[PDB]
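Protein chains in written order, with my numbering: chain F, 219 to 329; chain P, -7 to 370; chain H, 6 to 255; chain U, 454 to 558; chain L, 17 to 45. Each residue gets a CB set at the ideal place from its N, CA and C atoms; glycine is no exception.
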Amino acid sequence: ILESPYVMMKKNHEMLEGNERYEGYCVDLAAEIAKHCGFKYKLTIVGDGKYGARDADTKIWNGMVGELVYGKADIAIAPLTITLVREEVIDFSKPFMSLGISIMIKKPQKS
Amino acid sequence: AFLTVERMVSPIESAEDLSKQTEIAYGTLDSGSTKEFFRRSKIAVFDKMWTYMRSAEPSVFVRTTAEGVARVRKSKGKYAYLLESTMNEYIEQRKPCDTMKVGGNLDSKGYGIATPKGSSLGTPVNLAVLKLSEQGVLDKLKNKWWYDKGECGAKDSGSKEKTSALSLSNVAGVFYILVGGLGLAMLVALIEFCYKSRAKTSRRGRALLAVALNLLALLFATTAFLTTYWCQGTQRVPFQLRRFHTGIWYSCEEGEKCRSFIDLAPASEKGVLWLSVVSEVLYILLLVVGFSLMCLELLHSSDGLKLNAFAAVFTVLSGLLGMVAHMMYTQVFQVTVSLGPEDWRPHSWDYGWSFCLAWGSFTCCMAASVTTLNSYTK
Amino acid sequence: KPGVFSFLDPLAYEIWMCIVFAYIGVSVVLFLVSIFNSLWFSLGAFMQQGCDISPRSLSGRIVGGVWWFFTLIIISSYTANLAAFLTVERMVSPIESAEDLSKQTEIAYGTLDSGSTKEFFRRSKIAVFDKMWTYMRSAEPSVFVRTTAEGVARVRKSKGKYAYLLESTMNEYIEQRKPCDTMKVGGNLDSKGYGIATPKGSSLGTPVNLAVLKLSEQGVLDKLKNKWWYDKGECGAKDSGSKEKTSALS
Amino acid sequence: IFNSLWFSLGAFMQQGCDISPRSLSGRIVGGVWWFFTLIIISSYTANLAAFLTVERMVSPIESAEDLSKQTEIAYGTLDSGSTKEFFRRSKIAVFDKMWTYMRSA
Amino acid sequence: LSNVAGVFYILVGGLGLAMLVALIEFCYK
Ligand SMILES: C[C@H]1CC[C@]2(OC1)O[C@H]1[C@H](O)[C@@H]3[C@H]4CC[C@@H]5C[C@H](O[C@H]6O[C@@H](CO)[C@H](O[C@H]7O[C@@H](CO)[C@H](O)[C@@H](O[C@H]8OC[C@H](O)[C@@H](O)[C@@H]8O)[C@@H]7O[C@H]7O[C@@H](CO)[C@H](O)[C@@H](O[C@H]8O[C@@H](CO)[C@H](O)[C@@H](O)[C@@H]8O)[C@@H]7O)[C@@H](O)[C@@H]6O)[C@@H](O)C[C@@]5(C)[C@@H]4CC[C@@]3(C)[C@@H]1[C@@H]2C
């Protein structure tokens, strides 16, 4: 999914092709996973803009998780926070980036 | 009292301070697990924050992430916002960079590479996470997309000064009256070398100016007798806009209308007001006493200085009761704002145009006084 | 320990130069009244102790008055700032990041003489973490202590001039352990995680793994983090950090 | 030696003296000690301003939650009785923290 | 300013009491 600085668009994305059109933090990792596991990779943006939430009515995973459940996508390299219900349908790796709720406030002014 | 409390106020770090103070508003996104966390967390601090955010009016739950970034920037520190630390790393690098990250994470959330639950490839991808993060390669890529791609600084986050001293800028506003006081003094020293060298119209031509300045002292006395508006009384509720143009006595309101609204509460302040009218009129009455003896000087120009020195007594005793009177009403007007002025309270709280003109009334009472004793020398 | 250069705190260092720079511009005007003597007669208008040259009614009265009006503003503000230092007294930690330890060299720093914490600076190819490893291999005497409590003591024995590097959750705990004269500054230098370990191929391994994703999600492990570091912590951080009601001048 | 002690009282703190060392070395002598004596009285007020503020900033406690908040003033009960047993029994986190302190006091 | 305003009546009243002394001492001369 298009996330700064994880997956961003190029300034010459019209000039570039496929995986080269996408820049960001997850792009540098996906080369290294291809360096580790030995595979051709296709970076694809999710359509709906969802991270892979679960619907409460249809109980159908949208986003990137439903692309992994329904066989649409092969793997997900994305800012995907690990919950229990996401692991109930697909498999995560270890948390490479631990984080949490931070406090964004202003900076003391130069007045 | 200024420099202590300015240094007594600590910038908050923990979210327990947001359950401790209430001046700075705080909220999350209006949908998401970050909102749902305070809804879910049974810790009494995180529930009290959720107790505050459901009672925080207006809505601290913003619609988009950049709306919460803007609402921090628009409320200027009095709004806090809660988002993920790695994004709080990134937006602090994103210009104008007037936001920052304080404190630690409130919980432990982890980004994980997701694969088909059971997919063989899932295990060597999982071992690659345990290999690349072990070598510091992901830490080097963390330096890339947040510090090599970070617009604001790479080590400049610790470049600000924390607990420094008094500023020269506070001392810099007095420099223009220091240097400008010297440059104005250079004009006086150059002309007085010519007044030693170039040079009944002296004692009379200056005494008639003392009558002429008292005339302007009477005119600006009557200018604040009806101020056209003492304050732009603004109750601009974005209800509707309210723009009161209240005089010194007639609280007019504005489309155009005018009312009196004189003699406000309370009774001990009314005792000041019944004394304030005594102070206003004894200024103008003792002006007329100053004119009458200076009209006798015109008969001398057609005792003498003995009655002219008697007139300079009452022109001072006029303005000293006016210096009471200018401090009667403005202290009254400070008190009526402390009443929360009944329906006409100003957010544009700014004294009237005639009151700056009424400042010129007293200084013409006294510029008449500094030269009517210059003729007393002879 | 204060002293000489720390007497100059309530008035800033750029203002200590400008209180002398703007001073010598005043005495040049009063020389034209009667440059050579008026600097000492500007000392009569320095703060007090009234001078003998009297600019009665010419322009020197403004010159000798406004600068004298200027210098009374400061000594009130210098006292009001000195009262702000003599009351608030924010004893700041000098360093937050380990990049400052690759920047300064007065405070020694080391790790345990064996372990992955020592091995991290040996392994980390980042130029800061290698320069710290370049310093620690050249740090004489041995900053690499033998036990963990030896590094706790060597911080306490060298009294701030020795830094020590250990895990944050243990740095949480020992900061709670009395005499509590140590603390934790800055963030973690890397990302290390405690994980519940099972043998490979065990049937219990997956529901234990899902229990980690359930208990940490609910904040139950955060509540237990409040137990064994704050309910069992001897030096309650807001209870011990709010303890300073000191006294008269040094 | 005979008169200048009273003319050092003009440089004691204030109240300017009559002997005027205009341009000789006495200007440094009458100036630096006068510069010295202003340092002592300027810090004397800011020390006393630190005294009278904090003496009035310290509030006498009314709740026992302040005893779970501060730790300078010790606090305990009788070594037997229900008053001791109350903090042992009360599951409120303030009353347990006081019991946590009193077992460590 | 009411803290300052209480010193005005000993300021103005100190001036008005001084006006009585200057008028009688012209008669004591
Ligand atoms: C408009 C939409 C809206 C929504 C929707 O309506 C319309 O409803 C959605 C619905 O949800 C549909 C989804 C349902 C779920 C489906 C799941 C399916 O994958 C399933 O089966 C395998 C792929 O077919 C997957 O795993 C394969 O790929 C790897 C995943 O990591 C595995 O590792 C590999 O197993 C091994 O294969 C051999 C080698 O060892 C290695 O290559 C590999 O390690 C598997 O590949 C195949 O492996 C073979 C041996 O296992 C079998 O062919 C089969 O595996 C087993 O598959 C079992 C399935 O019953 C079967 O019983 C068993 O005998 C098989 O051995 C699998 O193919 C496995 O993870 C998963 O379960 C996927 O491709 C399509 C899928 C997502 C569907 C896509 C379309 C949808 C989304 C529908 C559609 C969006």
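Query raised in the report: Can you tell me whether DSSP reads F:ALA294 as helix, strand or coil?
Result: Reduced to three states, the DSSP call for F:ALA294 is strand.
Task: Which of helix, strand or coil DSSP assigns to H:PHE125 - done: In the displayed model, H:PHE125 falls within a helix according to three-state DSSP.
For this session: Just the chain P side, please: which residues come within less than 9 angstroms of H:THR76 by C-beta, in chain order?
Result: Taking the beta carbon of H:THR76 as reference, no residue of chain P falls within 9 angstroms; the closest one sits roughly 11 angstroms away.
Give a yes or no on whether 9 angstroms exceeds the smallest Cβ distance from H:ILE29 to chain U. Not one chain U Cβ lies under 9 angstroms of H:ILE29.
What does P:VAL117 touch in chain H if you count any residue whose Cβ is under 9 angstroms from its own? Residues of chain H passing the Cβ test: none, with the nearest at roughly 17 angstroms.
>> Can you list, in chain order, the residues of its chain with a C-beta nearer than 6 angstroms to that of H:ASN86? Leave out the 5 residues immediately preceding and following it.
In response: These residues qualify, in order along the chain: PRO15.
Quiz item: P:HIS237: buried (16+ other C-beta within 10 angstroms of its C-beta) or exposed?
Solution: It counts as buried.
Fill in: Partner residues on chain P for H:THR92, Cβ-Cβ distance less than 8 angstroms
Chain-order list of chain P residues neighbouring H:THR92: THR(-4), by C-beta distance under 8 angstroms.
Tell me which residues share the same chain as P:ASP255 and place their Cβ nearer than 8 angstroms to its Cβ, disregarding the 5 neighbours each side in the sequence. By the criterion of a C-beta distance shorter than 8 angstroms, P:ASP255 is surrounded in its chain by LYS262, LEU265, once the five residues flanking it on both sides are discounted.
**Request:** Starting from the Cα of residue 372 of chain P, find the closest Cα among P:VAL327, P:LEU278, P:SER149, P:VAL280 and give me that residue.
**Result:** Given that chain P is displayed from residue -7 to residue 370, the structure contains no residue 372 of chain P and the question cannot be resolved.
query: Thinking C-beta only, is F:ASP309 closer than 9 angstroms to P:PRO3?
result: In this structure, F:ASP309 does not lie closer than 9 angstroms to P:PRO3 by Cβ.
Please tell me whether, using a cut-off of 8 angstroms, the distance from the CB of F:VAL287 to the nearest non-hydrogen atom of ligand 1 is below it.
Yes; taking the cut-off as 8 angstroms, the Cβ of F:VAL287 has a heavy atom of ligand 1 nearer than that.
*Can you list, in chain order, the residues of the stretch 314 to 333 of chain P whose Cβ is nearer than 9 angstroms to any Cβ on chain L?*
Result list: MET315, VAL316, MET319, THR322, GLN323, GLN326, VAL327.
Problem - Closer than 8 angstroms: P:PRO108 CB and nearest ligand 1 heavy atom - result: Yes, since a heavy atom of ligand 1 falls inside the 8 angstroms radius drawn around the Cβ of P:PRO108.
Taking the Cβ atom as the reference point for each residue, do F:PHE314 and P:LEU113 lie within a distance shorter than 9 angstroms? Inclusion of F:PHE314 and P:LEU113 in the CB contact set at 9 angstroms is not warranted, their separation being larger than that value.
Can you check DSSP and say which residues form a bridge with F:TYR240? In DSSP, F:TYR240 forms a bridge with F:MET227.
- Message: Quick check on the DSSP output: what are the complete alpha helix (DSSP H) runs of length 4 or more inside the stretch 233 to 315 of chain P, in order along the chain?
- Response: Entirely contained in the stretch 233 to 315 of chain P, the alpha helix (DSSP H) runs reaching 4 residues are, in chain order, 259 to 292.
For this session: Going by CA-CA distance only, name the one from P:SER47, P:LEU130, P:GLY19 that's closest to F:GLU250.
Result: Looking at the Cα atoms, P:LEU130 is the closest of the given residues.
**Report entry** Close-in-space but distant-in-sequence residues of the same chain around P:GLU272 (CB under 7 angstroms, 5 per side omitted)
**Finding:** Excluding residues within five positions, the ones whose Cβ falls inside 7 angstroms are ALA317.
Checklist entry - Should P:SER47 be listed as close to ligand 1, given that the test is whether its C-beta is under 8 angstroms from any heavy atom? => result Using a cutoff of 8 angstroms, the CB of P:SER47 does not count as near ligand 1, since none of the ligand's heavy atoms is closer than that.
Between the alpha carbons of P:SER51 and P:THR155, how many angstroms are there, rounded?
Taking the straight line joining both Cα atoms gives about 35 angstroms.
- Query: Cβ of H:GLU222 less than 9 angstroms from any chain F Cβ?
  - Reply: With 9 angstroms as the cut-off, H:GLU222 counts as an interface residue toward chain F.
- Query: Using a Cβ-Cβ distance under 9 angstroms, would H:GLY241 count as near chain F?
  - Reply: So, not an interface residue.
Practice problem: List the endpoints of the continuous beta strand (DSSP E) containing H:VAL34. | Solution: H:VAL34: not part of any beta strand (DSSP E); DSSP gives it neither H nor E.
**Prompt:** Taking 8 angstroms as the line, does the beta carbon of F:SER311 fall inside it for any heavy atom of ligand 1?
**Reply:** Result no, Cβ not under 8 angstroms from ligand 1.
Continuous alpha helix (DSSP H) stretch holding H:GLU177: start and end: Taken as a continuous stretch (DSSP letters only), the alpha helix (DSSP H) holding H:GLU177 covers 173 to 181.
* To do: Flag F:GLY284 as yes when its Cβ comes closer than 8 angstroms to any non-hydrogen atom of ligand 1, and as no otherwise.
  => Yes, Cβ of F:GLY284 sits closer than 8 angstroms to a heavy atom of ligand 1.
(request) Check each candidate in F:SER222, F:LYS324, F:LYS277, F:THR301 and name the one with the smallest Cα separation from H:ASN214. (result) Nearest Cα to H:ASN214 within the set F:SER222, F:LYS324, F:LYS277, F:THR301: F:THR301.
Segment contact, 8 angstroms Cβ cut-off, at least three pairs: the stretch 175 to 194 of chain P with the stretch 306 to 315 of chain P: The stretch 175 to 194 of chain P makes no contact with the stretch 306 to 315 of chain P: fewer than 3 CB pairs, one atom from each, lie closer than 8 angstroms.
Note to self: Please identify, using Cβ separations under 9 angstroms, the residues of the stretch 87 to 106 of chain P that lie next to chain F, in order along the chain.
What the structure shows: If the cut-off is 9 angstroms between Cβ atoms, the stretch 87 to 106 of chain P has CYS89, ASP90, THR91, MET92, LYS93, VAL94, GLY95, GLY96, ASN97, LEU98, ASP99, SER100, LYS101, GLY102, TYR103, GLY104, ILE105, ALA106 near chain F.
request  = Taking C-beta pairs closer than 7 angstroms, name the residues in chain B that H:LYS228 reaches, listed in chain order.
outcome  = The structure shown contains no chain B; the protein chains it does contain are F, P, H, U and L.
P:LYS27 to P:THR20 span [Cα, whole Å]
Cα to Cα, the separation comes out at about 6 angstroms.
Fill in: Cβ shell of H:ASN176 (< 7 angstroms), same chain only, five flanking positions each side left out
Here the set comprises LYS189.
Starting from the Cα of P:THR214, find the closest Cα among P:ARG251, P:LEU170, P:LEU277, P:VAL121 and give me that residue.
-> Ranking P:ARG251, P:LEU170, P:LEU277, P:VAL121 by Cα distance to P:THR214 puts P:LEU277 first.
Paired residues, beta bridge with P:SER340 - DSSP:
P:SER340 is bridged to P:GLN224.
Q) Where does H:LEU77 land, buried or exposed, given buried means 16+ other C-beta within 10 angstroms? A) With a 10 Å radius around the Cβ and a threshold of 16 neighbouring Cβ atoms, H:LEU77 comes out exposed.
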